[PDB]
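Survey of secondary and tertiary structure
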8 protein chains.
Amino acid sequence: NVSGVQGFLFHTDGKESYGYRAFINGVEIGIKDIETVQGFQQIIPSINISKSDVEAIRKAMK
Amino acid sequence: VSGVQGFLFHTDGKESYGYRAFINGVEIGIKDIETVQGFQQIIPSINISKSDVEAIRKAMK
Amino acid sequence: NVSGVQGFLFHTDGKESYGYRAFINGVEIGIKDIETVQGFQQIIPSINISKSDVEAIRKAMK
Amino acid sequence: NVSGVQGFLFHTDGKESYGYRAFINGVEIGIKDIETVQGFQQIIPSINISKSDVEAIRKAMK
Amino acid sequence: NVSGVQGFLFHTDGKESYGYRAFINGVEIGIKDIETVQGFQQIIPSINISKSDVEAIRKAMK
Amino acid sequence: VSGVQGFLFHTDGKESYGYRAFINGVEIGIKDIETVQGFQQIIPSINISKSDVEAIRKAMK
Amino acid sequence: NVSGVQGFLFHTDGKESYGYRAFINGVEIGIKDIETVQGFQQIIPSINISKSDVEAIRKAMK
Amino acid sequence: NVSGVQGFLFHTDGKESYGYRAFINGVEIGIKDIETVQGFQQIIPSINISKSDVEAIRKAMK
């Protein structure tokens, strides 16, 4: 509530990384730096999503 | 705070359909176990028999 | 409201069973298998409704 | 509250009983069986209302 | 939330009683019997309001 | 669950205005201490100087 | 949200005071007396804002 | 949450600082004084965002 942010960070630990990304207030973005990942980890969850499942999650988050 | 409402579902019965999910009212198939474990951090994961998926789809519409 | 499901399972322990049914997001459905009943029991309540009272509950849930 | 039900059961312990009744999502119903009363007691409150006060409560619940 | 009732019971312990009354979902009603007062005391607050202050509370509850 | 949002207010300063309240955005005077004690069961009771009531009225509008 | 008030008190402890002010339900007001500051401190937060930052906070609170 | 403020403070601990900034009710502002940072830290989260990631966060906070 208080942060004005709803969403989550996502990444894969699989063979081909896509780095960290996030859905923030329904907007998908890439995150370039680990400082930002740790900053957002204080206010939103951070989960794992395989590279092959990102397309379907995108569709559901639309 | 996740901006996600829904659940993962699978059956432990004879004819598995793997893992699927309802995410914000959209049904999807899940290809990898990593994704199942990731979403298990933020949404419930329940069992649904293959025979009951059609009725749950109607209710989730 | 993390599950995206509001409702309840219902059944009777009376002489003439109607099996398990549910109201899920205002939609009434039949449940065929016990696995599904136990799955939904993790996220929604499960109560008893006599066969003779189902008609009135349907009217109120409309 | 995940049941999708708002309301209460009501009855009187006074001289002229009207059995159990309920308001469920703003709809008043009669309850025919004690099994149903016990089922709804798992998800909604159960209170006492004198027969003389039911008319005024109906006006307020409209 | 669960009861589908928002409001309060009110009465005075002053010299001229007006009995018990209630605001239920923005509707003011009189309560005739103590059974009903005790029933609603399970789900809504019960406060004291002097007879001379009822008019102003009515205006604010409109 | 009371269906009431607001607060009682009074001053302990030199020029008392007795007790007043904002109830659901309506300002009222309270005539009897019984009513003050009744509403103290369901809403906060705070102090407001007589000089500040005009600005609080503007904000509560 | 029992008090019907959303907002905060603000002041600076810097060299040039602007006294205490508040945002109450999106309306900015000045507070003249400490009694009122202590009264509102029972229901809303009270924070520090430098005189030079008030203009930007006003813009964000608009 | 009674402050009427949703958002967060952000800064970087990386090589090129941009000082402290904030999103307050969907409005981005610069913060000039540390007193204001400490004041808002009483009511909103304070996280780290790399300078390289600010552009994407602005897009998501729009």
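Residues numbered from 1 in each chain as written, not as in the entry; some residues may be left out. Chains lettered and ligands numbered in written order. Heavy atoms only, no water. Residues with missing side-chain atoms left out of burial classes, pairs and counts.

So, about unusual backbone geometry. One non-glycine residue, A:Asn25, lies in positive phi territory at about 55°. As for its position among the elements, A:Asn25 is in the loop between β2 (20–24) and β3 (27–31). (Helix = DSSP H or I, 4+ residues; strand = E, 2+ residues; numbered from the N terminus.)

On to the sheet that holds strand β2 (residues 20–24) of chain D, then. Taken in spatial order, the four strands of this open sheet run β3-β2-β1-β4 (chain D), and their pairing is mixed. The open sheet has two edge strands, β3 (27–31) and β4 (46–48) of chain D, and neither has a second partner. Each adjacent strand pair in this sheet contributes to an overall mean axis angle of 30°, direction not counted. Both strand β1 (residues 7–11) of chain D and β4(D) contribute to a ladder of three bridges, which runs parallel. Bridging from a neighbouring strand, D:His11 pairs with D:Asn48 of β4(D). Across the sheet, helix α2 (residues 54–61) of chain C is in contact with β2 and β3 of chain D; its angle to β3(D) comes to roughly 170°. Those strands touched by helix α2 (residues 54–61) of chain D are β1, β2 and β3 of chain D, and its axis lies near 15° from that of β2(D). (Pairing = 2+ DSSP bridges. Axes fitted to C-alpha atoms, helices over the stretch in contact; angles between N-to-C directions. Contact = heavy atoms within 4.5 Å.)

Per the counting criterion, the structure on display carries 40 aromatic pairs over all chains. Plain terms: the ring middles of C:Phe8 and C:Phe23 are 5.5 Å apart, the flat faces sit at 45° to each other, and that makes the pair tilted. Here the residue C:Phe8 occupies a position in strand β1 (residues 7–11), and C:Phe23 occupies one in strand β2 (residues 20–24), the gap between them amounting to 15 residues. Residue classification places C:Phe23 among the buried positions, given a relative accessible area of 4%. With 5.8 Å between their ring centres and 55° between their planes, H:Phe10 and H:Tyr18 make a pair best called tilted. Through a chain of ring-to-ring contacts, the aromatic side chains of A:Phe8, A:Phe10, A:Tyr18, A:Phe23 and B:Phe39 assemble into a single cluster. (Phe/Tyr/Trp six-rings, centres within 6.5 Å; stacked < 30°, edge-to-face > 60°. Buried < 20%, exposed > 50% of the residue type's maximum accessible area, 1.4 Å probe, protein only.)

Moving on, we get to the relation of the copies chain A and chain H. At an RMSD of 0.4 Å, chain A and chain H line up after a rotation of 45° and a shift of 0.1 Å along the axis. The overlap is low: 11% of the interface residues of chain A also sit at the interface in chain H, so different surfaces are used on the two sides. (Least-squares fit on C-alpha atoms.)

This paragraph deals with the interface of chain A and chain H. With 19 residues of chain A in contact, the opposing surface of chain H contributes 23 residues. Sorting the residues of the side of chain A that touches chain H by element identifies β3 and α1 (34–40) of chain A as the ones contributing at least two each. Among the residues forming the side of chain A that touches chain H, the class breakdown is eight nonpolar, eight polar and three charged. (Nonpolar A, V, L, I, M, F, W, Y, C, P; charged D, E, K, R; others polar.)

Mapped onto the elements, C:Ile44 comes out in the loop between α1 (34–40) and β4 (46–48). Between the C-alpha atoms of C:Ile44 and C:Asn1, which are 43 residues apart in sequence, the distance is 11 Å.

Our next topic: the interface of chain H and chain G. At the interface, 18 residues of chain H touch 21 residues of chain G. Going through the elements one at a time, β3 (27–31) and α1 (34–40) of chain H are the ones with two or more residues in the side of chain H that touches chain G.

This paragraph deals with the side chain of H:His11. When you line up the elements, H:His11 lands in strand β1 (residues 7–11). H:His11 sits in the buried class, given a relative accessible area of 11%. Polar contacts involving the side chain of H:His11 include one to the side chain of H:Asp13, which spans 3.1 Å. In this view, H:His11 contacts A:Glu35, H:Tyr18, H:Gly19, H:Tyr20, H:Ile47, H:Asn48 and H:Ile49; residues no more than four positions away in its chain are not counted. (Polar contact = N/O pair within 3.5 Å; in protein donor to acceptor, adjacent residues only side chain to side chain.)

Least-squares fitting of chain H to chain G yields an RMSD of 0.4 Å, with the transformation described by 0.1 Å of translation along the axis and a rotation of 45°. The two copies present different faces, since only 11% of the interface residues in chain H are matched by interface residues at the equivalent positions in chain G.

A sheet is described by the order of its strands in space; here four strands give the open sequence β3-β2-β1-β4 (chain A), paired in mixed fashion. The open sheet has two edge strands with one neighbour each: β3 and β4 (46–48) of chain A. Along the sheet, successive strands turn relative to each other by an average axial angle of 30°, direction set aside. The sheet contact formed by β2(A) and β3(A) spans five bridges and is antiparallel. What sits directly across from A:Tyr20, in β3(A), is A:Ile31. The sheet contacts of helix α2 (residues 54–61) of chain A involve β1 (7–11), β2 and β3 of chain A, and relative to β2(A) the element is tilted by about 15°. Strands in contact with helix α2 (residues 54–61) of chain H are β2 and β3 of chain A; relative to β3(A), the strand with the most contacts, it is inclined by about 170°.

Shape descriptors only; they carry no functional weight alone.
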